[PDB]
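Residue numbers (the authors' numbering), protein chains in the order written: chain B, 4 to 7, 9 to 195, 200 to 247; chain A, 3 to 195, 199 to 257.
The beta-carbon is built from N, C-alpha and C at its ideal position, and this holds for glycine as well.
Read the structure below first, then the notes.
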Amino acid sequence: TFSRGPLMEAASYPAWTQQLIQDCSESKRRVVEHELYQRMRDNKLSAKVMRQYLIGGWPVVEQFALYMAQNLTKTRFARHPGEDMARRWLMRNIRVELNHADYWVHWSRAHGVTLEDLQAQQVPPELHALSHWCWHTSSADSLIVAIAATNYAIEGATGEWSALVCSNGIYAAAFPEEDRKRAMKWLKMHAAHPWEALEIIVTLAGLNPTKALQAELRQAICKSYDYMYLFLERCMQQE
Amino acid sequence: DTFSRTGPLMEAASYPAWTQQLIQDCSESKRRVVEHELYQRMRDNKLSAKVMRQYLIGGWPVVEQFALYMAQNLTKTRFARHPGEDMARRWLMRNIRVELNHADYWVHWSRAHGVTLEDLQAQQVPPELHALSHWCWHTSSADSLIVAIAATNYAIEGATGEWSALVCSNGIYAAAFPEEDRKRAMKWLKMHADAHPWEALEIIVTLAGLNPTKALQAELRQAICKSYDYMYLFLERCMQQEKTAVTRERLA
Ligand SMILES: CCCCCCCCCCCC(=O)O
Ligand SMILES: CCCCCCCCCCCC(=O)O
Ligand SMILES: [Fe+3]
Ligand SMILES: [Fe+3]
Ligand SMILES: [Fe+3]
Ligand SMILES: [Fe+3]
């Protein structure tokens, strides 16, 4: 049984957890420090690649609350404290995504990418792998693995690359004054969820999870990062 | 707009123009899979131990779960709702049985290259190799019956009939196995090296009819090419490791 130090510090969680974070650090790093985001931050990304990024990312954003809904259907009342924690967290964070799909549409519109463009999904297959993995793990994997792959890995990495993109103001400064707030909304809203997810994962796993379970979590987390990396590499192949 | 085949099952000309157009539109995506360099090298017994291991481990999930994709699609059918749905139900109920022993045959093929059942289950391969399996589960789970059959039973089985035939086409790969191990090792390849892809196409055409919307045709084309393209992604990644493995020994 595990009960938690501060929320957003690896120290507050067990030894196997800090080792897990450590084992996933490089897979995460090459995503959150990727050249594509550095160039987006500096208003240096070509329009063609920015268009691909917004289109290719749309399925994961549009369906993100649906991944959580699928995971919610794996929960049962009072079957395990972590499960209750997950149920309550999922029931609240599905609400949180209420407008986020709309914000992505507005962001995309600011770059000339229409709703028709988002729906058409005319992008390379490297960009869709992330969405297929999210649906599969949300559909077929255990509650703990699916939360690790989607809510911990993707949301955590997304908090970091969204912050990087906004870090020096150049990107936002490129938008016309009267379009900036609406265009930057999604980035702003995403630039604590990942640590809350980890807390749920740790509670579910316990203080002494088997090596097999630690390995399953590590591999699921790194697969999410690696499909984000595959996405970004293919985008930059064009640049 | 009902479809009823009159020409031979395994000829494109027996199907409507839109179907022949679909085949044409997907032909280059198919070709670069079924003619891939990796299969020419496998045919000639050239592939490195590293890549053979990656190939056999990476392909396992799609093979192991193939009848489960078909099972999931069967749950989408209802009796007498559409002639193509009855055709799909009866075909799926028959061919789920066909896969009875194929996972075992893949295990036997893998073991002939030193890949253990434990190696298959551990799934220690690059993510480019797992994309295909994630796509297969997603389309089988969430797409329409017609799209999911196109993505799995038409695209993947069709391509697999042709690359397995290519690997077996000149006898070198098989003769390289020792006498006492060859039959068991070659079983999976021989069982797949075929009416299945054409039967799947006939079902797709029956479901779609003679004048499907352009939107449905585009959905089929994109699903079929996605299956081919994920096979291509798989093979490209393998050949990257092949070039590294062979170059290392050449320079050494
Ligand atoms: C690494 C590039 C991936 C493309 C961007 C996908 C962003 C998905 C963000 C999901 C989390 C959320 O929408 O709240
Ligand atoms: C490049 C393809 C990667 C290996 C995939 C294995 C082939 C899947 C075969 C599915 C059909 C069947 O098992 O009968
Ligand atoms: Fe969001
Ligand atoms: Fe979030
Ligand atoms: Fe088979
Ligand atoms: Fe078959």
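May I ask whether a heavy atom of ligand 7 can be found less than 7 Å away from the beta carbon of residue i?
i: B:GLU159; result: As for ligand 7, it is missing from this structure, which binds only ligand 1, ligand 2, ligand 3, ligand 4, ligand 5 and ligand 6.
What does residue i reach in chain B if we use C-beta pairs closer than 7 Å?
i: A:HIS38; result: None at all; the shortest Cβ gap to chain B is about 16 Å.
Quick one: grab the DSSP three-state call for residue i.
i: A:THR154; result: helix
i: A:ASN97; result: helix
i: A:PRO85; result: helix
i: B:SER146; result: coil
i: B:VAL117; result: coil
i: A:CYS230; result: helix
i: B:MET236; result: helix
i: B:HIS132; result: helix
i: B:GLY9; result: coil
i: B:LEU122; result: helix
i: A:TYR17; result: coil
i: A:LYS52; result: helix
i: B:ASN216; result: coil
i: A:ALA223; result: helix
i: B:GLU247; result: coil
i: A:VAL127; result: coil
i: A:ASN103; result: coil
i: A:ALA257; result: coil
i: A:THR141; result: helix
i: A:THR252; result: helix
Can you pull the chain B neighbours of residue i, defined as C-beta to C-beta under 9 Å?
i: residue 198 of chain A; result: Residue 198 of chain A cannot be located in this model; chain A continues from 195 straight on to 199.
Give the residues of chain A in contact with residue i, contact being defined as C-beta atoms less than 7 Å apart.
i: B:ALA144; result: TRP139
Within 7 Å: the Cβ of residue i and any heavy atom of ligand 3?
i: A:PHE81; result: no
i: B:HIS110; result: no
i: B:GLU204; result: no
i: B:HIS115; result: no
i: A:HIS104; result: no
i: B:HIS194; result: yes
Is the closest heavy atom of ligand 2 to the C-beta of residue i under 7 Å?
i: B:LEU76; result: no
i: A:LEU49; result: no
i: A:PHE239; result: yes
Comparing the CB of residue i with every heavy atom of ligand 4, is any distance shorter than 7 Å?
i: B:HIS201; result: yes
Grab the span of the alpha helix (DSSP H) containing residue i for me, first residue to last.
i: B:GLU207; result: 201-213
i: B:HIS194; result: 181-194
i: B:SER31; result: 29-36
i: B:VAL169; result: 159-169
i: B:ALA73; result: 68-76
i: B:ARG80; result: No alpha helix (DSSP H) contains B:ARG80, which DSSP labels as neither H nor E.
i: A:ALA177; result: 174-178
i: A:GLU39; result: 39-45
Given the structure, does residue i come close to ligand 5, in the sense that its CB is under 7 Å from one of the ligand's heavy atoms?
i: A:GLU87; result: no
i: A:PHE68; result: yes
i: A:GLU164; result: no
i: A:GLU101; result: yes
Please determine whether the Cβ atom of residue i lies at a distance below 7 Å from any heavy atom of ligand 1.
i: B:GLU247; result: no
i: B:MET236; result: yes
i: B:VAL127; result: no
i: B:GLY60; result: yes
i: A:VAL36; result: no
i: B:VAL65; result: yes
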